[PDB]
Number of protein chains: 2
Amino acid sequence: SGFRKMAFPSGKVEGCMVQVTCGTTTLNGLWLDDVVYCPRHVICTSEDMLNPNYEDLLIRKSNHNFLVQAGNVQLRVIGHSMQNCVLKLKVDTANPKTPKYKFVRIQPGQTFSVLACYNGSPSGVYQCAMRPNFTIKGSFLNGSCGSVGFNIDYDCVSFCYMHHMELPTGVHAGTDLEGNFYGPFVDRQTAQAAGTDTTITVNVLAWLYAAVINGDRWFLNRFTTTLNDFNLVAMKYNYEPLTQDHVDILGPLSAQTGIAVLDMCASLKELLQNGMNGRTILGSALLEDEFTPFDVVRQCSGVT
Amino acid sequence: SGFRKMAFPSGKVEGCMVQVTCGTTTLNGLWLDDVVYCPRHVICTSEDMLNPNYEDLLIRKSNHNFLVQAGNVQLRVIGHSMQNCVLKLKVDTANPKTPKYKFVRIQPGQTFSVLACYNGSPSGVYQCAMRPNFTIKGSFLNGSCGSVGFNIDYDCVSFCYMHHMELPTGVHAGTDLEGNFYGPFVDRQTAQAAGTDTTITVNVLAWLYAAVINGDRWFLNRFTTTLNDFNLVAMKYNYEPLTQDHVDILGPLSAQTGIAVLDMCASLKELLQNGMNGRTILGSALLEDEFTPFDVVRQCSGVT
Ligand SMILES: Cc1ccncc1NC(=O)[C@H](C)OC(F)F
Ligand SMILES: Cc1ccncc1NC(=O)[C@H](C)OC(F)F
């Protein structure tokens, strides 16, 4: 019993964190096999960030200009290349702690853990979600760039995010491990506004199922709804439209609790229309959307 | 920018998790140097838990009855002893992954990270607090016993909690690493009620300072209060009394923000009396109390 915002155990990712320095800029890198991945803005000064031409800036850099340190020992850089917004620094030594891994590009609404790092050293781990506007709501200070987001399936780490920037609104943007930004963001010190941060409806429903499994049941009502009726309400409250694909993904939770997905939609419809009336669900006074249906099943079953 | 419920990187603790089996019961153990620490109720059957005489049950167990497995390899048990509610299983091999460590008994209101484990394998990491009633609000299923709570200072892991039980109300109780339960709880399958779960006032104030640092400032008002006036309000709302010791601990946050501790107390007094009026602070619709002043400083400065 109990339900917490849980992150994946970070050990396999901690063993990959290194410090990358180029000139006067230091950030984090991810060392997998004989390659170190890091944000390409490591080659920029604060002045360069205003309007950088990364291809031109890179011409002035050689392998010996990228200082890579794993703990207290120096890695020898034998090659460098730019792939989209990430630099790939080939080193002469394979990381002995390289876990089984994959690079995945996640979709909005999916969750992952972040190992926040500074100077190649891990500071903490937290769980977050790729928002529908392609930003993440993290906790990152200057020096955290190159910190990564990931999911774990048994012994395989799927890296999905690398931190690159903070928007002027305090929200965060980054890339997948191929260097492609999520959303329309660019690695430039220019104000870039984020779109509507809508609520991840399928995740709220998954979290309501988690609440019922854990005994918080006050919000269950005598009503049902349809996908089209529910979606009129979701539109009004800046919630993502629920589809039959989302209903299908909620199937195991509906089966375990015996609460039909459309009945849980009607409970959510009432919570949106009436509010919580000073009450809480799983220790929260708002509707939580950073648990996927898979996260709920995993936590509720104890998958290791 | 941004402020998250962050757990310590769990790698150093993952390297200590092992599986302990005695008879038909399996739970987690903590392997440090040549000792494996685990809850003494590993020697009980479900029937024994009703009224166990641990000293008598232990007489029927020998070193070879405690099966300890670290990953896929078996540890040889060369001694066993009971210290309060924990068993200490001496093994013939020192854990090569033993980090620098200490055993600490924490006070109510202090936070720590939990590495939830099943069958010796880590499932996830989350942050929580020792409540004023000596329970923790965790996420633990059957098989999670022996999972530990800890804090990290640079390279030293301070273990403070070992999970032993779930109360009939869905809250959790456990011991320090000396086997002494926090609070009045016992390792018996008897209903034991928890006391008033009061709010950790110093932690709420610390979190309001974190909110101001991150730009959420709507709750700042034109008022001040006194410790005695604030405490009358804290009493009414089941908040812990604020002392001059708590004010002193909030000093660095008061210094950084320029907001006097008693002025922040007056903001909190108004939030208690008026509610949030449908607004949020750091993504929360309630007053968060599971960040200590030390946690706020650490996260706001990027300590690794
Ligand atoms: C300051 C800071 C704080 C937290 N997270 C990231 C950054 N860093 C940036 O925004 C970098 C400078 O720009 C990126 F787009 F290239
Ligand atoms: C069931 C369960 C689920 C989650 N956490 C712990 C337990 N386990 C217990 O309560 C054990 C049986 O009693 C302890 F007091 F000795």
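Numbering starts at 1 and runs along the chain as displayed.
Method of determination (from the header): X-ray crystallography, 1.6 Å.
Here the Cβ of each residue, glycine as well, is placed from N, Cα and C on the backbone.
Noted in Swiss-Prot for the protein shown:
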type	residues	note
ACT_SITE	A:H41	active site, for 3CL-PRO activity
ACT_SITE	A:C145	active site, nucleophile
CROSSLNK	A:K5	ubiquitin cross-link
CROSSLNK	A:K90	ubiquitin cross-link
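Annotated features, which come from Swiss-Prot, shown on the structure.
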{"residue": "A:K5", "record": "ubiquitin cross-link", "Cβ within 10 Å": "23"}
{"residue": "A:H41", "record": "active site, for 3CL-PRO activity", "Cβ within 10 Å": "25"}
{"residue": "A:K90", "record": "ubiquitin cross-link", "Cβ within 10 Å": "15"}
{"residue": "A:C145", "record": "active site, nucleophile", "Cβ within 10 Å": "25"}
Of A:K5, A:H41, A:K90, recorded positions neighbouring ligand 1, Cβ under 6 A: A:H41
Recorded positions near chain B, Cβ-Cβ under 8 Å, from A:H41, A:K90, A:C145: none
Rounded Cα-Cα span from the residue listed as 'active site, for 3CL-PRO activity' to A:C145 (active site, nucleophile), Å: 9
Pairwise Cα distance for A:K90 (ubiquitin cross-link)/A:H41 (active site, for 3CL-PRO activity) [Å, integer]: 17
Local backbone state of A:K90 (ubiquitin cross-link), from DSSP in three classes: strand
Residue pair A:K5 (ubiquitin cross-link), A:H41 (active site, for 3CL-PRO activity) - Cα distance, angstrom, rounded: 32
